[PDB]
Structure formats: structure tokens, C-alpha cells
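# A look at the structure
Below are the chains, spelled out letter by letter.
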8 protein chains.
Amino acid sequence: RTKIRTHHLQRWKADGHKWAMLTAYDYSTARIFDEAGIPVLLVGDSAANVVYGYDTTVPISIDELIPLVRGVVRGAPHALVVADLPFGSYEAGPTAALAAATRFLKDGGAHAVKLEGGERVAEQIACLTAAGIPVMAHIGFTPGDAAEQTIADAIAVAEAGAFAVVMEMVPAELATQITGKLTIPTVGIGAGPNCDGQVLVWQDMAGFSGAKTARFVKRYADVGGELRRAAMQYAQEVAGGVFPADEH
Amino acid sequence: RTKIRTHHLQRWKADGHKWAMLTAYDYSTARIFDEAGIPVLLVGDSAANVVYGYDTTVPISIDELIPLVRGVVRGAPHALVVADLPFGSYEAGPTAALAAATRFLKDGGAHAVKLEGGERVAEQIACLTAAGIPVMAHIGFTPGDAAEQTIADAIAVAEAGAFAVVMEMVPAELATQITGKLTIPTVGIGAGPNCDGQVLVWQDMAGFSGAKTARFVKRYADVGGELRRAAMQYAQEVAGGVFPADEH
Amino acid sequence: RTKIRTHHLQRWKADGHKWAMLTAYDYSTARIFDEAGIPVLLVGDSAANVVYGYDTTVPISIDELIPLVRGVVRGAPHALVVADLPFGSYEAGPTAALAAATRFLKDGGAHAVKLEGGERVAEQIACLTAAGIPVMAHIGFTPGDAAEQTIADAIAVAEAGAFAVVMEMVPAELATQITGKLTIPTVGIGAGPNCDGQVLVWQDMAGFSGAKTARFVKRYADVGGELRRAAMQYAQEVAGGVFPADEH
Amino acid sequence: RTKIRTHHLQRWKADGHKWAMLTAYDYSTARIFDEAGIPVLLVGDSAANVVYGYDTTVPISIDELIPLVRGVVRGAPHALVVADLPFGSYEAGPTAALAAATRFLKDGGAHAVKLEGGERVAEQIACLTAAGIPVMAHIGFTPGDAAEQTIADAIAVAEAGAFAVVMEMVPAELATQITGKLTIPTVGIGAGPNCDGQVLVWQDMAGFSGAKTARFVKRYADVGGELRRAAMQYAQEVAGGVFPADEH
Amino acid sequence: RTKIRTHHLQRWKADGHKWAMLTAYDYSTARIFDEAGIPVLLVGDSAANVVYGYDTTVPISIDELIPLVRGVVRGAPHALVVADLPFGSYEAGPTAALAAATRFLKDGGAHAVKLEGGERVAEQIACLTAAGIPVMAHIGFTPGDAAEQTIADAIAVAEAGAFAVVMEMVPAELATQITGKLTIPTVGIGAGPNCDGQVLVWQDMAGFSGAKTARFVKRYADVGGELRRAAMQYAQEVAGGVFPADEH
Amino acid sequence: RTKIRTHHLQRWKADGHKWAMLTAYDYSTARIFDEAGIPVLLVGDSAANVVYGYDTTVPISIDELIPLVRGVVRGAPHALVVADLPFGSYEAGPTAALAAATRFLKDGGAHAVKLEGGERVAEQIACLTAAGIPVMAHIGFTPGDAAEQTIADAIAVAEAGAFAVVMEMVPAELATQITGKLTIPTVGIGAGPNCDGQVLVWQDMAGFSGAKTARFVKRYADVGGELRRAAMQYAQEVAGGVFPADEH
Amino acid sequence: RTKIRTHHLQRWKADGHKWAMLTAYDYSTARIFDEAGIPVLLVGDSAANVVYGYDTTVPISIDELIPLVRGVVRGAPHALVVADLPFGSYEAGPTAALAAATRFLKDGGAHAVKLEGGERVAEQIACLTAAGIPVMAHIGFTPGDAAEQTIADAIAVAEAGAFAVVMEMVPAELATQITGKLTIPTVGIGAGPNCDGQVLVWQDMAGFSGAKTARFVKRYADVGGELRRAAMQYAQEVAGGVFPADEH
Amino acid sequence: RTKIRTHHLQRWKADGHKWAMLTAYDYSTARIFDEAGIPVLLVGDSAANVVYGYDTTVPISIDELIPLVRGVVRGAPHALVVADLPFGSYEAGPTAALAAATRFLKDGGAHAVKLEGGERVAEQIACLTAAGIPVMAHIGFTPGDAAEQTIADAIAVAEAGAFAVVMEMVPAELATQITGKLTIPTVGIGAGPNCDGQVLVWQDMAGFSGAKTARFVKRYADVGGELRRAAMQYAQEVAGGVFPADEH
Ligand SMILES: [Mg+2]
Ligand SMILES: [Mg+2]
Ligand SMILES: [Mg+2]
Ligand SMILES: [Mg+2]
Ligand SMILES: [Mg+2]
Ligand SMILES: [Mg+2]
Ligand SMILES: [Mg+2]
Ligand SMILES: [Mg+2]
């Protein structure tokens, strides 16, 4: 079928089609989401937690991501795969950011990268965008004047060239407006329902990590739990000599 | 509770306790299997397929594994985590193998490593074992005289110091004997029911990869499928403005 | 005979001589095109597809090109060999671009390099040109205001020093004008007939890749097919003991 | 359909099926030979001449080959791709040879490697073979006692583990015998008709390089010449304004 | 319980809560201070003396600190761990400073870094702060106009983004004012009692180094002396055969 | 006074003088033990736990030790400072071990190194010893035949050249004998009272880590606890404005 | 006694105390000058000649100096040791100069560095000075307008932060003035008697190199000659069997 | 005049000419000893003390020597310059030793190297000697059987190829014999008067280091003291305005 491209997300904002974005970190997962119809996959730095067990996204390195990106890229032939730039890889300036992004494309095989930041990151977004690298921006709300800054960021980020922007933990009201005020699609996560698209960490979306589903997350299943019995039953059958059988 | 150690596997062979080993490649998965009671986790090179999308286990590199090992090590505090040595990292001889294994322990944080091979690999197993590195052997059956070699390998491998050995695609009959003939535990996968323990790639065990469950694999669930709807439903709700709601 | 130099292309624009440029990626091919009279050879990044099987030109690296350039340079003693700068090697700025180009000349043995881009790349083109490195520009059309930009690019690029410019996927009408408006030769590919010169990927020109000849490509032969029988017949004769004979 | 594996070549020696091996050095060529049914492809060091223009095979480096191997591997999904080890990469001993071969498999994606040499190279062939790396041997005839050595080499090489052996410039008589005396398939090139299989440099097989077809080579076509007109005609049409037309 | 964050220090300045900061350089020490309730730990460059025996803080390198930081980070789960930047690692400018700080966070696991300097270092503090790296400033008094500069530094440093500032060897009077004039907390050491918080090198605080307690330091114990007998008694018991006993 | 040398330990075995060895990992600690009369200091890999918070001694690297050794060397001018070789740095063989040890002497400034292992490590001990590097051996007891091996190790190790040997977790009875059977001093830790000398991790010796003093350790003080109040009191006085006072 | 610091040189200019600076390049020499009371030692790049035999100061590298600096630093505990920056290590700009100087302090153990140059080097002097690195300037006279430039340099250099400045080959008259016009001490060598301090290459000062004592140098001895007999006599006694005697 | 070669030392042993060897570490010193007639110069690792202030010869590195060797080589055109191999550079075996020595010749410009050791070092001496590198051996006496070993070393060392051997701290009686028993010259230092030649550290020979002249050293002067006044007088004249005068 059709391979999602950035322009598709733009058309969808026009046609009013609200698309879904899911986070992915390996081949098998991506394969599933791809044959499930998910148009956009995010190899997020959130992998730091769900994949590597870091209690933050500060330690994860580019090298802990590129190999995962390659895997996701191979598993979702129809999805637009976005590679998230790790903390520290782009804050230095355009040159650094460009080198990092270039690695994600030439090596990781990603189609686009996600650069987190507000106005302070416009220069970087511009360089990449001008280099021909699709950039998905990521802005937030950090408490009044805060709402102003969020807006300034949303504007600056789009001006820089971002083909879309993620609004994380942004007051639904403010989000709604920004969404209507920007020409590019807005992807929300705890941003309210008024965003051109939505994004969730698949681990949360399918109950695969812990049990604490935050407010902005809707638990669409208990894939984690389902895996627990599968394992527990497997274990018992092994102990009970029931497995393997002869057909095995 | 109790952190599984190699001696436990030995005691279990004595008490006739058949234990289950599951493959794992990330923090979240390991966490689940750990709280599911799985005693031994294998960060297999099978990750080459299920994690990175390689159609073989030949290309995967040490660097594509170590970071995954670290994650698994963090997610399974009670399991005995075994790191699998990638193709090419130990065939050169003891020195190479030792360096590679040392990386998996000092860096990966693994408790033991899995070295695939027969007699030809005894020297390597001995060096590591003597260095204080727990080694899980891995022998197979490659078609008559074949059964002899498998036996020779099983013997040589144990002589070298392996604390356990994996029998993959080994005729149940031959396996049964070898199991009874060795002092160390035998972990099978398509080796028959007469092995001190069993091992499966969790992706297959829980139907997370493709649909072709081979003969030696028992599909204990459809975790993959379950994830497909979760994603599909999520997508539709996004399109239907049903998600996010206000509680989000 | 005569070794084509950049000034020749300029004279030809004056004399109204429409010259042909062919893509080349190895010694044997270049040798053929050279003794076939082709004046200009392009070791394009299109090699990413036809040579390495990448589905894009994003992954190909300088190192996957330089050795090919050297080969082409050795096979076409009379042609003006142009080396194409890979994605990511010049977007960072002049310094990067200069280093990359310098490698293609000092190492690759190329006579000139092709830098893809519009106004955004003028700075780079200027640095190289001033360094004494012949630069062939490459501009395109990306949909109204688009035609304006194409023009701006054509102008900026020439101002920067490009000895010629490639117009790819440019509306014949717009192309025609630009061609007449620029002092330097315009080389088209899907740009219409009104260009000082034409360029095609030899694989397409001679039907050596797939069967889908796009609109802008004219299939001058089925060299690929011809190779298929040669191989098939060879195979059968081998099977039929007809080859080798005794004269062999 | 079916992906050729080494055992297939063995079965064929049994069934008396004479198979054909063709040299290949890029994606497009491999694609053609693959859909032409060629079972085995050799990314030979002969590329030194036909690809890079070296007048010998002494200068070509591993790095000038690996990227070509990757391309060939991508173009022939059904063929058994063999990567030839460059001069100097294995003569030092097993350790060196193993490292080199490992690169060709893990990086190049090759299925097997070709190691040129006689008895003096048995140690290397053994190490690789034991490492799980399929090795295609390559022996020759260098003038009386010579025939003895060729035989000794044929024997030693097979003893070392080679799954097949290439006999180049070997007296048909001697070749015939060796072929009958070895358990593994013999692939000839100027070795006579009595070899389990045949191999030719595709450039010669299809008349793509020079015009001097040596005795052991049969010119199955003039693909090179066919390319010359295609180019010459293309050039003239460009000059004659006939190309591009409007359909372009 | 609660993990101290930078905002806590701000709240405390508001509530008038004077907090204590202690220097720490290893896991065991940090563990103690953590379970002793110390909110902020400083892996100081002072380690140069107390840890490595350098008579100055000029020679200590980043590598002699990062591993210590990791240890302290592991020992104080509830403390805000601040890593001090070594001499020479940030004076070159923002780029250098950013790279250094990034190492301390991504590798060292620190939560914040301490950058010593006045106005001259504002640019660096700004870059880090904007990058999302918490920076603790450090200003001093170097003899009239001196008091002016100290003030200028206090102002500039806070303007740059520092979440707090250390006043070392600053006239209590001047300190008092600066403390009242700044919005961010002031941490003193020989700065007088009018600072939002206090800091001491634990070695001095607990009499573990030398016997010369300077004026600004209050000796809260003789932990060093206590260790001397422990050692001396241990030694004598060993000599007296009293140790080990049988319970040992 | 007198700087302890290895021969001193030998004389002491003769005179029946039981000496005490203490572990040390920094300048200030070493200074204390030195002026406390401790003759031998061990910069152990036990630092992995007490210094860096690793739950094992497997991860610690040479680089996490050398800088500590330098510090200890500077703090104990009269002690014989022994540097412990980290896991993985000598198991490969003499060459590796020699390079590692050489670093500890030339860089770390150590006087001797400690190599853990039995017979399997004799070759390494011999190389270093012959190189002029004082080696302290380290053997253990790992459960019958075990006692035999311990003995074999004690013998082999001394034969190799070790100037002394550490017996850790060795049955007092067996230890007693070995001590009497060897010409070189035996240093015990959980080895019983019949050893030429004793060794303890200062953290345990002075109650600085946790509260679980194992059987073989005698808690000579609560230096850790003493540090807790010092810190707690310091904190309260800061909060109570009592500190700093004016004398400060 | 007292360790000379830069402020001492300033006080001395005030008290009118003319201090002497001597060049030094090794431990033994420095030890002598230190116990001889010399306050300032210069590890000059003049070492290029007297130490390494270069006929110029152009070839000497940082690495040929740092190890000498370390030696001098160890030999003169009371002197202010100044390390010279080698040709080419600071002319590129502040960044380069800062890195070089930082090596001399952190590695060499120097207290200050000497940067040769006039106005053109102010930027470098400023960066180092602001970094906390004491810089001794070095200006000269190169023939009218020359005297103006010397003055401009003297001014610029001091403005940049130099704690002192060397006037080499400067007309005594001009020197006298500059000395009176600057706030910082002036150290002369062939600059006349009106300088806050004097400096000479110890080799010349003590007649250790050649015999041609230039005008600005006063030969205070013939230490070189004295060494010649010592050697000659030693040689003869060896030949005469007089040495060694029995007391030897 | 004549440039001393190794054969000269041999002739001298024959003619009974007792030659003198002096240690040297810089250009100026070497120049003096050269024009003083000293035939052999030793760039000893004793430089560790006299040049760099190390209290041992354990820390000095090859890099702290090579540059000094180059200097000495330039200063003594007629002397046979011998470079010493630093601790750790040859104990690993021939390969290591050869590489190290090769650096001293090709880079340092030395004519020969000094390898310290007894029988244990014969292999190394043999490799170098066979490579064409003149090796000066160095054996000692370490207390009965000791005298036997010294002899064994003297024999082994000469057998290995040493063109001469240094006997340090060897009982004059034993020395006398060894001297008469060896075919190669013996150079003593505290070895008695019966050695083909003598060697002393010039610092001791001329009273340039400390005042404690050991038994085996004869103080031929007080060059150090002479330098002290030269410096002291220089200093006073500077202070007294007597220097510089006008002639300066
Ligand atoms: Mg992030
Ligand atoms: Mg495997
Ligand atoms: Mg391109
Ligand atoms: Mg060849
Ligand atoms: Mg500091
Ligand atoms: Mg240990
Ligand atoms: Mg200079
Ligand atoms: Mg020595």
C-alpha cells in the first residue's frame, strides 16, 4: 500500500483527519503497528525508560538509539519513522544537531527526527530543515507568561521549518488555539483533544509498563499482564512436564 | 526474594525441578518475566531478528547487544541474566572470546554468557570458565555420525566448564540420553521433554512475531495480536475525537 | 584526442551544441562511454540505488563513492568526470563541503563535483569555486511561487560560480527560460528539450534496471535483457556440457 | 522461489547437475543474474580490473569490495553470494583471514568467502570453516611436479573444509581427475569441461570489456557494444534536438 | 521519601529555611549523608586535595571526577547531587563548558554542575542553563572595587540562569546584602551567617584531614582521629593474636 | 622513619611478627593509616563497592583505580602500597597482566600489585615477578578436593614468585598449615588467626558501610555513625542559625 | 621559606626591589637555583638550543617542554615557575593558546606561562588571564616607528592582563620609560638596567654553552669549563687505574 | 676526529685501555663531554632522578627520554651514544624490546641501547642484536648463590650478543673475574677497578646533585656549588643595579 510521507500529515490537517502516532523501539513491535495501520512511528528517547531502565531520558545515547531505529525502520515499511534526538546531541548548535540528525538518517534510516525545544532551538531546526531533513518539533508548557512562551515556541518552531510539532503537557485550551493558529499539524500527548494528531508511548497505551497510567494516557489493554500469564503458564507446564509435548 | 545463581540450576537438576528459560531483550520485558518468576533470562542473538529485523544472526554486533543486556539486567533483579556472544566474537580463540565475554560482564552487567559451539570451542569455554565467567554452552545436531558428534560436543563442552548446555534441534532420544549422561543441566529448545530445563524466544512463546509457530514452539498466547487492536482501536478513537477525552 | 574541460561546455552553449551527459559508476562502463564519445560523466549518488541497492540516496557515503570515482576516472581519459557530493557532506556549510570536495579531487581524481541545492547552498558553491574546484550545480522544482524559487536558485547558483547547472524535474517552459537567462550551460533530466545539455542515468538509458522507464527517460536499448539471455544461455550450455568446449 | 545454499551445490554434484557461476559487482547486475537463474554469484577481486581499472588484483582493498558485496547481496536474494578475499588479507595466518572473512559476512552480508591458495592456506580455511564460515577454495596449476602440487592443494583444501574449489588454468586432464577424486564440487574456469560447475567473469561472458576474449572464455554476446550505440545514438539525438521529445 | 530538586532550594529561600550542603566524593560517604538528611551533595574539585593528594585544584581532571560522581549519585538517592567542573574544562567558552557538563550529567549521573567564575563566565552559564542543565554558580571576593565586582558577578551569574550561587571567602556584610538582593539562594562558606544555605568540605567538618581547622570551618567531630585508634587497636590485636578470634 | 618494603614482610614472618594490612582508596584515608602505623595498604577492587557503589567487583575498571592509587600513594609515604588488578585485566595471559601491572606502577605509583587466582595464574605472576614487579597473590577455598586445590594454588602461586599471598575465606585449619608450609607470608581475611598477617576492608573495620559485619570482620568502631551525627548536627546548626558563628 | 607568587613581583616593583629571573630546564638545575634563592624560574623555549641542539626555537614542541617543566617544578618548591609557550601553540587564537597553557598548568605543574608577542596577542593573553592563568608577556624591538610599536605592545599586553612583561633587545632608553610607564614589572634581557627585574639563560650566565658571551650577557663563571676538567680528569684517572680506588 | 664505534671498545679491551663512560641528558652537557674526549655517553634512565625529580627510575617513560637522546646525539658527534631502555619497555619479550629499541635508534638517533637484566633478558638481547642493534647489557649482584647468578647473567648476556656489559654494585672480586672471563668489555660502577671501563652519573661525578657522594662515586668537583654562587652573585648584582651594566 502507501508509504506515509510528511505531506500526508499536512493533507490530513486540511481534510481534518486526526491521525495517531505511536512510539516504537524494535522490529517486531514496529511490524505490528505497521500492519495495524499506524502511519507514524516515533523511536523516542522515552526508550531510555521502557527499553533501558534509566529513570530519566538524560543518560540515553545516540548509540543506544540508532540500532533501534534501524530495527523500527525495517519493521514499518509503510510508516513515517521519526528518530528522536537524545539529550545533549543538539543543544550545542546547528552543526552538532545536523551531524546527529544526519547519523539518524544515513545510518538509522529514519525519515525524520524530533528535536525537543522552543525558540532557543529554532536555529537548529532551520539548519536541518534547510539540509533537507524533516524535523518534528516538540514544545511544552512550563508554569501565565508560560502560555505566551509556549505560543512563541510554537510559532518560532514552525517558522524554522518543522513539518509538525508535538505539544506535551500543554493546557487543552492553549493547545486548541495553537493548533488552529499553526499551519503545520500539532501532535498532542496530554495536550487535549484539539490537536491534528495524538501520540502515546506504546508501553502505556497497551499496559506494558507498571500499572500507573497517568491522566493523559488511556490504557487500551493489558498486554503486559497477558504476557505475565503466558510466561507463568509456560513455566508451570515446563515444571509439569506438560511442555514440551511430542508435537514439539 | 532470591536471586537465581548458577548453583540453583544445578540443585534443580538434582531435585528434578524442570526450570524455564525465556529470551529477553529490553527493560520492560525483563521486568515482566522477572515478576512472572522466570529464573533465567537470555539476551539472545536471536535479537538480530526480533529486535533489529536481520534475516539472520550473522550481522548482529556486540554493540547491538550490550546496551540491551544492560536494560535486561536492570529489569530482572532476581533472574540469572545470560548474555549471548555474537557471531565472530569468539571463534578466533580464547583471547578474543575472553575479551568479548568480559565486556558483557563488566559493561553489560550480565551474570553469564552463552557460547555456541561444540568441541572446537572447548578451549574458549575453558579460558572463560577459569577466568571466573559462567559459561552456558550451546550444541546442536547436524545430520548417524551426527549423533556421535553431538555427544562429543556435549561431553567436551561440559569438560570445558560450562555450568549448563543448550541442546537445539536435537533428536529427543539423543537429547534424553545426553541429559542423563551429563552432570550439568541441559536446556532444550526443540530437543524433546527430557531436558533439565526449556528455552524459547519469548516472541514465539507469546505470538509476537509472524504467525508461523514452528513445531518445537507452543504458542501460549497472541500478545502480538492483542497489541494490534490496542493500536487499531487507539487510532480510531483518535480519528473519532473520542481520545483524548477530558480525563486526559 | 581532446580531453573535455569545463570551458568546452561553455563554448558549446555559445555554438549551440547540445551535449550529452551520462551517469557512470565503474571502470568498464566509463571506458565504453569514453570510446563512445560521451564528453561528461557523472559518478552520481544515484549509484546508491543502481550500485548498492539502497531505495534512496540518503544512505550512500563518501566512501562508497570515492573508490567508484577513481575507477570512472581511469576509464574515461577524455571525459570530464564529475563527482557527486553525497547527502550530508555539504549541508553543514562551506568548510564541510570544501573538505568533501577536496577528497573527491585529490583522492577520487574527479575534475569537478556536483552540489545539489538552491540559494541555501550558494555559500558552499562560492567557497569551492574560489578554491579552484569546478562546481556543477543542481536545482529543482518543488510545487506558483515554486517557479520563482527555481529561478532564484538558478540565479544564485550561477552567481556562486557554478560552471553549469542541472535542472531536474523542472517544467519545460520554466526550464527553457532559465536556460536562455543563464550564461552557464543548463543540463536537463526531465527538464524539457530546451537545455544546453541532457543527462540520464545510464541504467535507465540502456534498460539495465527494472522495466519502469519514467516519462523523462527514453529507453535506447535493453542491455539488461541482453545480459539475461547471455547468462541464461551460458548456464544452459554449462548444464549441457556444451561449455566449456575444447577451444576453452 | 528457493535460495541457493552450499548443500545444494553438493546435491548437484551427486545428481550430476553442472551449475553455472557468474562474477558480479553491483546491485543492478546481480538483480539481472538472479532473475536469470544464476545460483552462485562471485564478488571477485577481478573487480580490481573491471570495476576499478587496476591492471592487477594486487592493489584492491577490502574496503573497495565490502560495499560492492552489500550491493550484490541486495540484488540476488536467491543466489549464494561468495565474497573473494583480497590479496594480503589472509596470507598472514588464520587470525587475519578470520577477521577479514568475518567482515565480509557481518558487514558485506556475504554467505561465503573465496580464499585463493593451496596447501599453504589450509590452516586458514580450517579456522574459517570451523568458525562456521563457508569457504570456497581456489587452486591453480603453475608449471610435471606442478600437477602433483595441484593435486596436493585440491586434497589439502578439501580436507581443510572448503565446500567447493575453483580450478583456474588447470589442464583439463588433471582437472577431470581431481573433479572425480574430490567429494566437493569443482568449479572451473579454463579447467576443461569436467568440473561440477563453471565460472566466468561476466564482463568477458557478455563482451563488456575490451575485445580480447581469451581461449577459456566464450563470448555469449556483445553487451558492451550494444551499450556503445545506445550511448552514441543518445548523444546524436541530444545534438539533433530529437531528445528529449515532449513525452519527456 | 522526597528527592531534593532545585525548586526546593528556591522554596526554602522563601520559607526562610537555611539548608546545609556537604561535599562528598564516594558511595559510602554519600550513603551516610543521605540517610543523615543532607539535601545537597557537592562532588567538589576539592577532591583534588582530600581524595588525590594534589596540593591544588589545578591538576584534577574530569576523569578523576566522573567516576566519583557516579558513586556519589548511587549513594544519595534523595540528595541533589552537584558535580563541580574541573579547572580548564569551561574557561574556553560555552561549547567546551556544555560538553563537559553534559558528560557529568549523561555519564556522571549528576543533577547539576558547579561552574566557578564571575561575569566572565555568564555566557557559559547561559548556554548550559538554556540546554536544561542546572548550574550552581560560584563567586568570590578578591581585594574596595572588589566588593563591586563580587556584586557584579552575583548579578551576572544569576542573570545567566544559575539556580543558586556559592559565596566563598566573601565579607559577611557584603554577603548579607547580596543574599538579600538576589532571587536565587546563596550558599556560603566563609561568607558569614547571612546566606540561604551553608557548605563545607566534609573532611574539615568532621576532622578527617589534618588538624588545622581554618576560621570559617567548625570542627563538628574528630572522625579522623576515631579512625586512627580503630586502626591502631586493630593492628595491636592482630599482633596480639587477639584478632581474629574464633567468632571470626 | 622507615618505608615498608616487601623484604620487611619476609623478616616479620621470620621474627614471628604478625602485621596488619588495611584497604585504602584515597589520600586522606591513606594519610591517617600511615600516621597510624599501618605498614601495608591495599587499593582494593573492593573499591567497586565502597567507593563506586557497584554491587560487585566485576565492573570496576583500571581507570577507576589508577587515580585512586596515585592518591593513596601520596598519602602513605611509609606504607607499602599494593594495587589490585581489576577483573579482566590479567586473565588473558602474561602480556595483558604485565601491561596492566606496569600501568599501576609507572602511573599509579604503586609498589606492588595483587593478582587474584590459583594455579591458572602462575604464568602471569611469573612474568610480572621476573619483570621486577612485586606480586601479592590471592587464593581462596571453593567447596574435600577443594582443600587440595587451595594448597596447589598456594604452592604454585609462591613458586611463581609472589612475595606474599592472601587467603580469603579459607578454613582456619587449612590456612594454618598453608601458612606453616609456605616460605612467604600469608595474609588472611576470614582465614583464621594463623596467618603471618591480616587484612580487612577499612570500611568494615571502622563501621563505615552498612551495619552487617560478617563473621570474619570485627567492628573496631562506628566511624560511619560518628559521621552521621557530625552531619546531622551541622545541618541543624545551619538551620538554627547557630552556624556559622562570627568566629567563622 | 616563602613560595614566590605573582603578587610578590608586584610588591617588589613598589618597594623598588630588583629581582633576578633565571632560565631552568631540569630538576637538578632548578634545585640549585631554588636553594640559591632565585625567585622566578623560566622553562624557556630557549631549551630548544641548550637542551635539544636545535639551531632555532621554531622546532621545539610542547611535548619536549612539559616533561622538563614537571622536573623544574619539582626542583624549585619556592620559585615561581613560568612555562613558555612553544612557537605555533598560541598564534592561532585564544582557544588554541588556552588549551596549550592549560596543559602546562594541569600537566606541567607550572604556575604561569610566557606568551611571546605584541598587540596581535592581546586577545590570547586576555583569555588565559580571565581563565585564571598568570601570563608573563614578552615584547621586543624590531627596527623609529619601532619604538612606537614596542610601546603599543607594552601597553596592550598589560591591558590584556599580563602580570609582568619581558623586554628583549629593547633600547635601554625606551625600556627605561616603558618600565616607568607600566604598572606591572618589566623583566629585561638586553633591555638596559632600568627594568623591575632581569632575566638570563643560565647556560650563558654560567658559561655552559660555547664561549661567545654576547653584549647583554655577563659571564658570572665558567661552569662549563669546570665540567670539562672534571670529565677529563675522571677519564685520565680511569685510564690510569687511579679510579676507582678501594674506597669505591 | 674519530667517531667512537663499538669495535673501538673491543680493541681497547685488547690493548688494555681503560675507557671512561659518562651519563648525559642534554645537548649542552653532551657537547662538553664530547670536546672533553669522553668516548661513550649514556642517556640513562637515571635521568628520572636528576632530570625529572622522580625518586625512582620506575616512572620515567620512553617519551621522556627520546627527546633527550636526540639532544645528546646532536651534542656529541664523536661519542658512541647509548640509549637506555626505560622500565617496562622490554620485559614483555623480544617484540616489545625490539620496537622500543627501534624507536631509540630511528627516532632518538642513538647508536646503541642499554637493556638491564640477567639471563631472563637474553632472548631480548638476541633479537635486537640480530636485528643489527648494538646492545649494552647491565647485570648486578643481589644477595653466595648470588655470585653464581651474576656469573650466569654475565655469560648469558654476552652469549646473547651484547657488545659490552655494565656491572653495577658487584663485588670487586667477582667483577675482576667476570671481566677476565668475558670476551666483551665490562663497564663498572661500584664494581671495583678491574673492569675494561668505568661509568658514573655525571651529576655525581661533578657534584651537581645533593652532597652525599656514595662510596662508589668520586666527587671530581663541585660544579653544582659553583653554579650556586654564579646565581647568587648574579641575583645580588641585579638587586644592586650593578647588572646589567652599560656594556650590556
Ligand atoms: Mg527528551
Ligand atoms: Mg547464535
Ligand atoms: Mg543527490
Ligand atoms: Mg586473487
Ligand atoms: Mg574550582
Ligand atoms: Mg577482585
Ligand atoms: Mg619564542
Ligand atoms: Mg633500569
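To start, this report covers the structure provided alongside it.

A few words now on the coordination of the magnesium ion (ligand 4). Residues and elements named next belong to chain D. Binding of the magnesium ion (ligand 4) to the protein goes through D45 (OD) and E116 (OE), at separations of 2.3 to 2.7 Å. Of the two residues, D45 sits in the loop between strand 2 (40–43) and helix 3 (47–50) while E116 sits in strand 4 (residues 112–116), which places them 71 residues apart along the sequence. For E116, a relative accessible area of 35% translates into the label partly exposed.

It is worth spelling out the arrangement of the chains at this point. A gap remains between chain D and chain E, which never touch, and the nearest two C-alpha atoms on either side lie 30 Å apart. For the non-touching pair chain C and chain G, the nearest C-alpha separation works out to 17 Å.

Mapping chain C onto chain D leaves a residual RMSD of 0.0 Å; the transformation is a rotation of 180° accompanied by 0.1 Å of translation along its axis. The transformation relating the two chain copies, once decomposed into turn and shift, fits a two-fold axis. Distance from the rotation axis, computed per C-alpha, reaches its smallest value in chain C at C:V223: 3.1 Å. Counting the interface residues of chain C, we find that 100% of their copies in chain D are interface residues as well, pointing to one common contact surface.

All right, on to the environment of A:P134 then. All names here are of chain A. Within the secondary structure, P134 is located in the loop between helix 6 (122–131) and strand 5 (135–140). Expressed as a C-alpha distance, the spacing of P134 and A101, which sit 33 residues apart in the sequence, is 9.6 Å. Leaving out residues up to four positions away in the same chain, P134 has contacts with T6, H111, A112, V113 and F163.

Residue and element names in this part refer to chain C. Two elements in contact, helix 2 (residues 27–34) and helix 4 (residues 66–75), have axes whose closest approach is 7 Å; the angle formed by their N-to-C orientations is 35°. Seen from above, helix 2 lies across helix 4 with right-handed handedness. Between helix 2 and helix 4, the contacting residues are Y27, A30, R31 and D34 on the first element and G71, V72, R74 and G75 on the second. Looking at the contact of helix 2 with helix 4 residue by residue, the class counts come to 3 nonpolar, 2 polar and 3 charged.

Both copies of the chain are placed relative to one another by a rotation about an axis and a shift along it. Of the transformation placing chain B onto chain A, the axial shift is 0.1 Å and the rotation is 180°, giving an RMSD of 0.0 Å. Counting the interface residues of chain B, we find that 100% of their copies in chain A are interface residues as well, pointing to one common contact surface.

Okay, helix 1 (residues 6–15) of chain C next. Residues and elements named next belong to chain C. Buried within helix 1 are the following residues: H8, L9, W12 and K13. Taken down its axis, helix 1 places every buried residue within 145° of arc, on the same side. Exposed residues pointing more than 90 degrees away from the buried face of helix 1 are listed as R11, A14 and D15. Buried residues belonging to helix 1 abut strand 1 (19–23), strand 2 (40–43), strand 3 (80–84) and helix 8 (172–181). Backbone geometry just after helix 1 places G16 at a positive phi near 70°.

Before going further, it helps to spend a moment on the packing of aromatic side chains. What the rule picks out here adds up to 48 aromatic pairs over all chains. An angle of 85° between the planes, with centres 5.7 Å apart, marks the rings of A:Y220 and B:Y234 as edge-to-face. With A:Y220 in the loop between helix 9 (202–205) and helix 10 (223–239) and B:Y234 in helix 10 (residues 223–239), the pair connects residues from two separate chains. Just as A:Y220 is buried, B:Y234 falls in that class too. Ring centres of C:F33 and C:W202 lie 6.2 Å apart, and the angle between their planes is 80°; this geometry places the pair in the edge-to-face category. Per residue, the accessibility class of C:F33 equals that of C:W202, and both read buried. C:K218 extends its terminal NZ or CZ atom over the ring of C:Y220, reaching a point 4.6 Å from the ring centre.

Here we take up the environment of E:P77. All names here are of chain E. Here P77 lies in the loop between helix 4 (66–75) and strand 3 (80–84). When its relative accessible area of 31% is taken as the criterion, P77 is described as partly exposed. Separated by 75 residues in the primary sequence, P77 and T2 place their C-alpha atoms 9.3 Å from one another. In contact with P77, not counting residues within four places along its chain, are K3, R31 and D34.

Rules used in this analysis
- Numbers attached to residues count from 1 within each chain as its sequence is written and can disagree with those in the entry; no residue without coordinates is shown.
- Working convention: letters from A go to chains and numbers from 1 go to ligands, in the order in which they are written.
- Reported quantities concern only the chains on display, which constitute a fraction of a larger assembly.
- Note that the side-chain values use all heavy atoms of the structure and ignore hydrogens as well as water.
- Ligating atoms shown are N, O and S within 2.8 Å of the metal, or 3.2 Å for Na, K and Ca, and water is not included, meaning a site may look less than complete.
- Helix and strand assignments follow DSSP, with helices taken as H or I runs no shorter than four residues and strands as E runs no shorter than two, numbered in order from the N terminus.
- Buried, partly exposed and exposed residues are distinguished by accessible area as a fraction of the type maximum, computed with a 1.4 Å probe on protein chains only: under 20%, between the cut-offs, and over 50%, respectively.
- Contacts are assigned to residue pairs with any non-hydrogen atoms lying within 4.5 Å of each other.
- Each copy is laid over the others by a least-squares fit that uses only its C-alpha atoms.
- Throughout, an axis means a line fitted to C-alpha atoms (over the contacting stretch in the case of helices), and angles, computed between N-to-C directions, take values from 0 to 180 degrees.
- Note on convention: the crossing is left-handed when the near helix lies turned anticlockwise from the far helix by less than a right angle, right-handed when the turn is clockwise.
- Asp, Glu, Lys and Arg are counted as charged, while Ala, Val, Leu, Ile, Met, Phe, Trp, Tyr, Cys and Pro are counted as nonpolar; the rest, among them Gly, fall into the polar class.
- What the arc describes is the spread of directions from the helix axis to the C-beta atoms.
- Each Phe, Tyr or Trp ring, with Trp reduced to its six-membered ring, pairs with another whose centre is within 6.5 Å; inter-plane angles below 30 degrees give stacked pairs, above 60 give edge-to-face pairs, and intermediate values give tilted ones.
- Over a ring means this: the NZ of a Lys or the CZ of an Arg is within 6 Å of the ring centre and within 35 degrees of the ring normal.

Any functional reading would require information beyond the geometric quantities listed.
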